[PDB]
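Below you'll find only one chain, the form deposited in one PDB entry, shown as structure tokens.
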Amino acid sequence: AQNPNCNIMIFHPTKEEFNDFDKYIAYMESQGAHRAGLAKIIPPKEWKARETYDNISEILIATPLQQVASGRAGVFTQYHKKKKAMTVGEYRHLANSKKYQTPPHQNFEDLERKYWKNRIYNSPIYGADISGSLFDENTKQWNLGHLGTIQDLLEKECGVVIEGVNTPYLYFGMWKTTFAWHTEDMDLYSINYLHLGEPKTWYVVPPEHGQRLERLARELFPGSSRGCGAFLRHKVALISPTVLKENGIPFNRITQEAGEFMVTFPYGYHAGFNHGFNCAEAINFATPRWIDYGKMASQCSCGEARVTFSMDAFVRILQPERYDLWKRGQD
């Protein structure tokens, strides 16, 4: 069995190996990469996402989200308070202000310490989930707006044609902006490219151990667990590495830098934080190996998780018993 300790693997594809996306994902899995839940891919030196980022300040962040925490430093939830619209140039200036900027630090490890000590006492503002792309149309390799669609994968594997579309999303971050513990919708893969700026630290639980994280989360957030049998789908709960280690939960950590891709694998729980002003692009995708995970994915039916149009068909075809209840949650 490859990668039996479920370590995060880092890949350095050549320009030739960067041509065929599906083939390279399958290669990484042949080496056991998926056992970690997360892999890093460093693009060949010949590749670029676009020529420059000099012209992005006029992108609008229609609904910036202030991420307000509740709880204790290592075990907290966050809610998202909507703020007034601002441009990427305005948000970058905000990120760099004395109130929001990254503090002095020695290295990534000191910064991580400071994040977990102090996160709850601040409310950073995240420009998340903005439909769009920063890849140049002429970038042919690993262009997250030109990937094979999940609808087409489901049709190829299962024969059934379904409605829905699959497009990327932009994320503009600042110091302490946080992504809560989650798997993807329908336990899909994700791919995330850090276009520019400061790093993103990730934490991940191996897919084979995801239920251990779920059981801890039920213990640590007992009201939320009574409210919903899949409350991690709400994407609000944070648990620190120290608390995970105290509770024996297997996990790994890695820091992504500008110019690097991360892939999350089906049912790989992940969480993390941004080091300073940055911009990432991410999209979900599927492979043949996903279908069995999609059939087994949990679902929130309490009403909180509220998701895209395209998830309807995935539930309807892969999970027909659950469909009626899940759709009640959507309506």
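Only residues modelled in both forms are compared. Throughout, rigid core stands for the largest set of C-alpha atoms superposing within 1.5 Å between the two forms. Residues carry their position along the shown sequence, with the first being 1.
If you look for the form deposited with a small molecule bound, you will not find it shown, but the lines that follow are about it.
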*Using a 4.5 Å heavy atom cut-off, state whether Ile41 contacts the small molecule in the entry with it bound.*
no
*Please check if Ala36 has a heavy atom lying within 4.5 Å of any heavy atom of the small molecule in the entry with it bound.*
no
*Tell me, which consecutive runs of three or more residues change place between the shown form and the other one by 2 Å or more at the CA, with the core overlaid?*
324-329
